[PDB]
Amino acid sequence: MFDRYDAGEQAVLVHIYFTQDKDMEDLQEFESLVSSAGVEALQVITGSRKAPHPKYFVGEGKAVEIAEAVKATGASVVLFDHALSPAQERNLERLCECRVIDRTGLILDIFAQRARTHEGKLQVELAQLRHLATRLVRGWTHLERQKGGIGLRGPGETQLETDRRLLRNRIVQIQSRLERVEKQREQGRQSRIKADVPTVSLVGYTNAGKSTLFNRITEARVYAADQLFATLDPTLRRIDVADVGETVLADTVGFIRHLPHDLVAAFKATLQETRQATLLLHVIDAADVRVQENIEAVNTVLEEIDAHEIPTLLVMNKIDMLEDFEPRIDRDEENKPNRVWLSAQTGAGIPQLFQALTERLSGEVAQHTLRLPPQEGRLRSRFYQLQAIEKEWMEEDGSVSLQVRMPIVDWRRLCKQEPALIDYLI
RNA sequence: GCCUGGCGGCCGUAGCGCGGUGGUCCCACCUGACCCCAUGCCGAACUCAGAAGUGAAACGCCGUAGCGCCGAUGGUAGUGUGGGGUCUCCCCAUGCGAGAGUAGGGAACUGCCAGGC
RNA sequence: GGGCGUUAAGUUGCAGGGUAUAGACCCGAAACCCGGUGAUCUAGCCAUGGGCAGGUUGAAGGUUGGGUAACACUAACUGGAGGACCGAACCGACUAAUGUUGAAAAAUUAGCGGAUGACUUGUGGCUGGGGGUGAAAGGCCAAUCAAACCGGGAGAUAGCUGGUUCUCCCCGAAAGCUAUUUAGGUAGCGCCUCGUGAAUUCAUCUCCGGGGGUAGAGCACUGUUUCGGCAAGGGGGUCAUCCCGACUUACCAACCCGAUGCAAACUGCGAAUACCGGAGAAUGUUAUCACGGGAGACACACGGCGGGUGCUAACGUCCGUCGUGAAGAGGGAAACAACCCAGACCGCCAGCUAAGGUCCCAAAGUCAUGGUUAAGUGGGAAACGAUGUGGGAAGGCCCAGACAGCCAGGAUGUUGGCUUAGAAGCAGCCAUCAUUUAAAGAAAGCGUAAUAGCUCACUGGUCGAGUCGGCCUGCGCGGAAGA
RNA sequence: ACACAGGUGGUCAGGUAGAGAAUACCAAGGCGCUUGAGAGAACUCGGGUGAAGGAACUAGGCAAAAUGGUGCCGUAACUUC
RNA sequence: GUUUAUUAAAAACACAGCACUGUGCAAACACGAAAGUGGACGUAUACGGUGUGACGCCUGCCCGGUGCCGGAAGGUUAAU
RNA sequence: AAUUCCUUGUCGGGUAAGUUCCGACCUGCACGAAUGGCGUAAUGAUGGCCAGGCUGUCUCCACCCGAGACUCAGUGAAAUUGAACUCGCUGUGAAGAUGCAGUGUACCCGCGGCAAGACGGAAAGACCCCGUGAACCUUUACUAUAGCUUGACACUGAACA
RNA sequence: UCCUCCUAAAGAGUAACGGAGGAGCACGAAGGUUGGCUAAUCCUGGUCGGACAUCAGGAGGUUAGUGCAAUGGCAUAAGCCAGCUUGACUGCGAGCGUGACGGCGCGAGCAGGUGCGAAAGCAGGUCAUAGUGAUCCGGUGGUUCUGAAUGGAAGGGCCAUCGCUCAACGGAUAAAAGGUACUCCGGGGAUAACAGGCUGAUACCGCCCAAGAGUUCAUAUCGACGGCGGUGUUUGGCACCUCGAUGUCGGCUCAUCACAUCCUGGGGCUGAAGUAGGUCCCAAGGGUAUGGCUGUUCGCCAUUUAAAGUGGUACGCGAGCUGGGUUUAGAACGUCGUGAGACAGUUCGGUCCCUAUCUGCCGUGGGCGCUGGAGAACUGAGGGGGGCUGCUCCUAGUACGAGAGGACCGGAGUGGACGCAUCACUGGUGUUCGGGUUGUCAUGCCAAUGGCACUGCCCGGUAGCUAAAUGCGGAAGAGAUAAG
RNA sequence: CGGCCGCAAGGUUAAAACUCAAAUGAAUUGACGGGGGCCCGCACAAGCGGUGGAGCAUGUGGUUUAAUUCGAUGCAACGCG
RNA sequence: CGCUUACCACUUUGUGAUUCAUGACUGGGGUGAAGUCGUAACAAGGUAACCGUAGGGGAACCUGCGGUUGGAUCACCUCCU
Ligand SMILES: Nc1nc2c(ncn2[C@@H]2O[C@@H](COP(=O)(O)OP(=O)(O)OP(=O)(O)O)[C@@H](O)[C@H]2O)c(=O)[nH]1
């Protein structure tokens, strides 16, 4: 639907503590989501085992009770934390004078509020069009009351089937424009895969995900705030990590547990950076009672886009209060197996984050020095033109050795097709 | 020919303001009242009897434009009729022609009948 | 006081115009009711007679074929029931094809289903129409069936359609208002005609007496704004100093004070016109009003102006007013109801002319003067873009030489430091003192793998005559893709 | 409505092959169906035969193509035996 | 097995079975303005109606409304 | 699910690919016990699906045989029809032009074919709406009435508490 | 139905399913008269007065009030208090206003009796406009009327009064709900569905500016906030047309046009090392899949290809075909309703007619003309057909490149789809050739033949025709050009 | 799970992986009993006087600032060290 | 020798049976330890227990019927067979 819910709207929240559907939902998570939406909740109903109802997703008497509660509260709309089937919302809508909305609609609504860009607006519109396509079946019958079953001649098919085809034609046109936005990113991606720069995408929960991590690393202005979500479109800036060289970091939007399946598809269409990320990072926050519950959900979103496989260093947030680990630049092993604990909110650790980046960077334990061309002065001018080696030292017999080791590069250019007729060194 | 009281005309060039001025001519206060009347208590109001006292206030007169108020000519908006271009809008001939400003005017004038030179 | 009256001409024929009641101009329903005719088609039932080639399976009756304490267990085979099977006659009708003005108002050809049964068939009979009969379909009851056929009431009724037949002359509408079991019908009124009366009646214009609240303006009022001024009260920086102060704060002040807009439901103003009344010429076949006879119309259309609604869309809708079409031809706008000119009594192988035009189609200027455009503009299109072209008033510079191009000089400190033998702008800064001002930048863009180089402030530039921009304006240009 | 491809109750029932009143061919008997002559286009109808592939056709194996008899063996799930 | 003769042959209808109800015979019920007749020359192991549909397993809870059946303490109640 | 809107629900199968099918899950918009619930051998011109075989259904048609169609002789209709000297395009127009305007093109007549158009023929559209139209059906619409039922009076008498 | 404002264009009047609000009463005082009186707002000093009371003073005719909506009014007050009261009287009413009428409204004054005031005088309801209901039919009271032979009386009339959410408010009647997919009649494109027409809000496409996004870097690539256009092209609006008839999706067959171009050609920019792309310009000559599911356009998928364009053509095409779809009558399920029945639910089943006059095409003739009549061979004004491409190899592993990879030049072969011809080959067919064979009948019979059974069934097959067979081709050039 | 039986409900035959240092039996000594018995104590009863709402003093639940120093916390801390 | 017939390996077709992995969903293990609900059993465990079998709890468990002991206990001052 082109229309989206207005912020500041009065509303009621109906959440069964056990609302079925695997019960991975959290009421504390719901309050953060509703605050961003602009829902004004006078009363939050908490219930025990209301039978999932084919009619209302809540007990038939409870549906009358929530209708009575809504009439008294003055709340303009009804919000339900677990999913309502298209009939299920429609039956609830008949019982109360006020209209109703659902969590799939509410997360879709949240995306609209946090979107300030054209790519985000088209992406949100497509996702709503998919969710509303299922929702519109009840609405189409109400529209056809005026039609009175006319349209038998012209379209051979029964009336209202043609109306679905027109919405589907709008869906087909919508898909073509969305493809163009991705195609433009892919032309940029073709230049981006120069093979000299790795692609990095930062993923996480809406609050746990550290898009703030880019701010400590690049000191670049970005919108990081308490409001749920709020970074819908990705930001890519140049960061030269000393250990890995030039790298590009992309801020993928944060996601929540039980993410609407259409919304993961829409998020991926904008975020193909997640699909192509050579290095990926997941951030976990202690604000939720169980850090583990957020971890499994992030994996499911990654599984949806098939990026779950990449081995990932895990960053941590809320560490500032905990102060459990002070960042330490010590390698117990060359692999250095650990999960980074530094949090970007206070800038706790930077060289230690880089040590984890050295673990990410491919390295040789032997680090055998590459053969070096004879003219150091010409090499130094080339280093000034490109990258000067961080450590360079003289070696015995007039040899020069540098910390960067590239034996394959020296074989490919310095010693490949040379005749060596003189054969001074055999 | 002056100053006062009434009853009108005209109702801001008429009003308000500021400063002055006048007293048994008048007028206003003022003096008394379990008297005629009179307060939903109220001789601040209304009456009645009248002398002292004063123009303080009021009242009237004079100056003062500080504001009110009136306000040209010219220009403009509009519009009647014919004609034209015809973005919803105009333009031309022609007749009528604002409001708002502006220079300015502006502190009234006049009748009738009684009390005082 | 009023209201209705006051001896005011009628009556009967004949002819015509209306209205009422009858079939009431004419044709045309679906239906309803009444009395009959059909069960030779069909549906059920009754009575009495027929048919079912062939082939197969085989029940019961089992005369009976073992054994257990006894039960369980369990032992041979003649017959000929079946709403049995396969399949002709027979009955039906599942798919396809042809036919569909056929051979046929449901058939033909290939395949199909039942065919000893709740079968089929012949001959009679019975049940009759709001009735029958129904293994149930609103099936069937003579190619007719949510109620047969025939005659009657019957020319039912039909605010609905269609048609309405000879000639000429005169006038000539309306598609509005109010009502409606009413919206496509009707009644009254307005508009048309015919007659009879009547006064400078009516119109146009001039002059005069009005009243308003429209346009337009304006913001005092009702609201709606913007800015500047700003402590009343509270935010409150001091504040468990409210401190009868540390201040009223380093915030809005609230009315308020100056300016600025906006209004259909705002008005301290206020037109043009329109309306009403009066007088007066001139004119118009009393054009006006009243009464009586006869209507039609009460579906309007477009354009102009003033608006509502829509999207300042619609050949949209709904109003007010005018014009045209309707109901008006002719000339023009290529063709064209409503747009422009003009209102056709007739004839002429006569002139003038409106709108519109004068190169050919195609009547008339290859007319005159001056100017503009170079696109075929003319001959579809906006925001915007541009040394297209033409005009106008200004500004700077210039014979201490206009504007170009052009080459050289344009350098220490100021390579001094700071991501480091790049330390200097390319990550940033300290910087403007000048030495040696014809001239010299601790520079605008750069570049070199730092360290060279580039253009320009000044000079000499011969050539030199005008030169650089802006504004306003006429006509062009690009923006500019359809089957 | 017709000199109409439909409908119309019973009876008789030869030969050969065949279970048979199926069917093929014949008896006895009756007929060639009241417009013909050419030519041998498309197209239409009713058929015949098809290389290779074989349901790819199509809404759907619609239609067509196949199998088909008698004798002897042999025969599953389930079962109301 | 029957059926929409003449666009529907079906999952429709029927069916044997099962229950519920009425019905004592001059039966109930029907066609009859009535006589009569069918039911039936039958007699509750019979008839009529309604529903379901062989078979196997079964048919839970509820009489609040409406109907039907039984009862009236009182009230209301026509003609007269 | 002859029932589930969403829905092509989710899984597993069968295919290269399966909205059908089959089997599970229960989240029954809107199953449920003679308005019958669940199964069921046999049966079905029943509904849906999957195989083997087979083929002109198909790729993609080809040839052949007969009946027409063609020509010749004889007999000899039909629907329809305001009149026609009956092109195309673009525009206009009661808004889809053989007939108007402009332009291109076009000697005059058949015969055999194809159907793009003559808003082609057939049939006062069947869809929609109106008529202070009609029929039939239903009920808790109004007004009645058959039918059932209740009392009184008559037909209809006597005697004893 | 009534009242008030606006639209309503300064007389009045004026419509819409146009924008805003009220009434279906109240008071015997809130009426009449006489007399008196004058507000809302803040400030100052003061009680449990402080923003809220009540004082003493300071602003105005009034920002107050009006029984209640709105507008017009209002100081002489209509506003507020007191006293006395009942004119909230009866009969009439010159004259107006407003309506088509029925009616509604104002009305000085006359007459008879009241009230208040000394008097002038004023009063026939409320400051005004809403607060209502005709007629019929009945009820009650009075009456100076009539009363069916007469005297009465019932009954009627007149006068006063009563009974209507007759609210659909100019009111059919005392009294009235639904269904029809079983439907039928008379009309209407006066009125919706399909298509065409207007429009273009939406849609789609393009441009204007450019905060941004881009590894630094608005325009390589997209572009927020806003703006302007184009098209008829999607959703809509309208109702001009079509209801005495314009067949509805899809598929099959057959097409044609536009260029907003999918492939193939030519370019520009690139954040284009090569390969491969992105974006834009020019360019319409040709080309632009097969299947599974399902009725599908769609969609999802599997696998092709150089690509499997986007639209118009009545969302092309039913006198061309289909009928899965919808769109009838049978049945069932879920839900709604007491029910008949219903469903923008599902499911199974369910009649698609035309002999071509005209234009139009596709083929093929006749007549006359072209100037004496013939028989030939041609020029070419015009017109049509044809215009596709892949794969491999050389150049060359060269250019390009750190590698991985790997050339828009220039040559050669080889195919796919398409069109044309042909029948030498390979095949098909071949009822008009030969043979085998089942059943029967005939020619006397054996033998040999023939008829009939689909050509009886087959097996083969010549000519001819034909594809699945083989040949051939879409070119190279040349001229004028588009972007460049 | 398979077999067999059963109309079902279920019966019978009857494992495995996985897990633990136990699981159990009878006795002993205590503790405890909303088990029984006998007793005792202002424990109850029979009485007398108080506490539970006004100034001293103590702690905590606890607040506050510079601290409101530390401890004592049912009975057996709370006029306590 | 060629040829033919029997036997037969590879192989192929149909139809079954038994093993292993796996098959959304679903049924049922001991368990780090605190924020985590009731009290069924052990005392007569506050309704004696558990044994079979049905139905209900939808927390252990409750209740019906039969069984078993692997069950605790013998009374308030208080006129009279
Ligand atoms: N974890 C954590 N975050 C903190 C802390 N303090 C402040 N923050 C902020 O909380 C974070 C909020 O979540 P974000 O990291 O913004 O989530 P995000 O995914 O970047 O946000 P979106 O992309 O807008 O959804 C950042 O804004 C941090 O700066 C802290 O102590 N811990």
# chains A, B, ... in the order shown; residues from 1 in each chain; ligands from 1
>>> interface_residues(of="chain A", to="chain C", cutoff="7 Å", atoms="only C-alpha atoms (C1' of nucleotides)", output="number ranges by chain")
A: 381-382, 384-385
>>> residues_around(residues="residue 277 of chain A", least_positions_apart="3", cutoff="8 Å", atoms="only C-alpha atoms (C1' of nucleotides)", output="PyMOL selection string")
chain A and resi 198-201+273-274+280
>>> residues_around(residues="residue 264 of chain C", least_positions_apart="3", cutoff="10 Å", atoms="only C-alpha atoms (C1' of nucleotides)", output="number ranges by chain")
G: 6-7, 19
>>> write_last_selection(atoms="N, CA, C and O atoms (P, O5', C5', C4', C3', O3' and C1' of nucleotides)", output="PDB file, in the first residue's frame")
ATOM      1  P     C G   6     -26.108  35.609   3.729  1.00  0.00           P
ATOM      2  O5'   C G   6     -24.988  34.765   2.971  1.00  0.00           O
ATOM      3  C5'   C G   6     -23.614  34.885   3.317  1.00  0.00           C
ATOM      4  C4'   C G   6     -22.793  33.759   2.737  1.00  0.00           C
ATOM      5  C3'   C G   6     -22.919  33.544   1.241  1.00  0.00           C
ATOM      6  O3'   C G   6     -22.099  34.420   0.498  1.00  0.00           O
ATOM      7  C1'   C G   6     -22.960  31.458   2.390  1.00  0.00           C
ATOM      8  P     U G   7     -22.530  34.875  -0.974  1.00  0.00           P
ATOM      9  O5'   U G   7     -22.353  33.571  -1.872  1.00  0.00           O
ATOM     10  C5'   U G   7     -21.067  33.052  -2.197  1.00  0.00           C
ATOM     11  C4'   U G   7     -21.186  31.757  -2.963  1.00  0.00           C
ATOM     12  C3'   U G   7     -22.023  31.840  -4.228  1.00  0.00           C
ATOM     13  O3'   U G   7     -21.261  32.278  -5.335  1.00  0.00           O
ATOM     14  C1'   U G   7     -22.692  29.961  -2.930  1.00  0.00           C
ATOM     15  P     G G  19     -21.164  19.271   1.358  1.00  0.00           P
ATOM     16  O5'   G G  19     -20.598  20.622   1.956  1.00  0.00           O
ATOM     17  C5'   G G  19     -19.275  21.039   1.685  1.00  0.00           C
ATOM     18  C4'   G G  19     -19.025  22.415   2.238  1.00  0.00           C
ATOM     19  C3'   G G  19     -19.220  22.564   3.735  1.00  0.00           C
ATOM     20  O3'   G G  19     -18.085  22.161   4.474  1.00  0.00           O
ATOM     21  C1'   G G  19     -20.336  24.310   2.615  1.00  0.00           C
TER      22        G G  19
END
>>> atom_distance(atom1="atom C1' of residue 51 of chain F", atom2="atom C1' of residue 77 of chain D")
17.6 Å
>>> closest_residue(among="G:350, G:139, G:291, G:212", to="chain A", atoms="only C-alpha atoms (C1' of nucleotides)")
G:212
